[PDB]
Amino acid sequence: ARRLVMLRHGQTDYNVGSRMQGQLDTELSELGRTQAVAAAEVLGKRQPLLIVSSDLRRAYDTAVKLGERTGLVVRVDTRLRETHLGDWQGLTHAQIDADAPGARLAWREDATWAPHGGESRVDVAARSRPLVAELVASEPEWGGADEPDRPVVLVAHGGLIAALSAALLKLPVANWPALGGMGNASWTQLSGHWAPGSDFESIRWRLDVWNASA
């Protein structure tokens, strides 16, 4: 059984502001930076197998604190980026509710709806899920012979983790909105179970932890 940990980046300025980030390369705040250190303490004790991070700085800076703690290099992948929010990026909840009222609240309940020029949850999962399959195929150590509980740690963003977790869990798309939003420097854990020798689509994923804090 393979353990997969996903960690949301620490607080940014936009978070405090309720301003849609998407794929804008915003910076960690000081509190956010200290949050990543606290999180690296807890996740570090689990002895990760490897760290893969979003290339956006707020996730990358968070991941690096874990890498320091563990002595592990941080690999980078654009497929771990937050939902692209299109024309909404850089606008706040207040501003969005003015132009197209109800649109934002409708968005959280429909994993297929995308802001104009952005991605839906379904889009983000199509983009990130193969990364997990690659890692399944590339790391025989993972859930394997020697130390089968050492996790793979993805450092990313709230939307991505919800979209990717729902997809790995093979939840119907109608139920993806059931997963509430993760906190800053909080993590989620799925465990991958396969009948010995089986394919990637034959792996059954179970939700171990959703949104634990440090």
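One-based numbering along the sequence shown.
Stretches 142 to 150 and 177 to 185 differ in mean C-alpha B factor, with the higher average recorded for 142 to 150. If you average the C-alpha B-factors over 75 to 83 and over 90 to 98, the higher value belongs to 90 to 98. Ranking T26, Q47, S165, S54 by Cα temperature factor from the entry places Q47 first. Reading the B-factor column for the CA atoms of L7, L4, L207, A214 in the entry, the top value corresponds to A214. In the deposited entry, the Cα temperature factor of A103 sits in the top third of values across the chain's modelled residues. Per the PDB record, residue ranking by Cα B-factor puts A125 in the lowest third of the chain. In the deposited entry, the Cα temperature factor of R69 sits in the top third of values across the chain's modelled residues. The deposited CA B-factor of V42 belongs to the highest third of values across its chain. Looking at the C-alpha B-factors along this chain, the one for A111 belongs to the lowest third.
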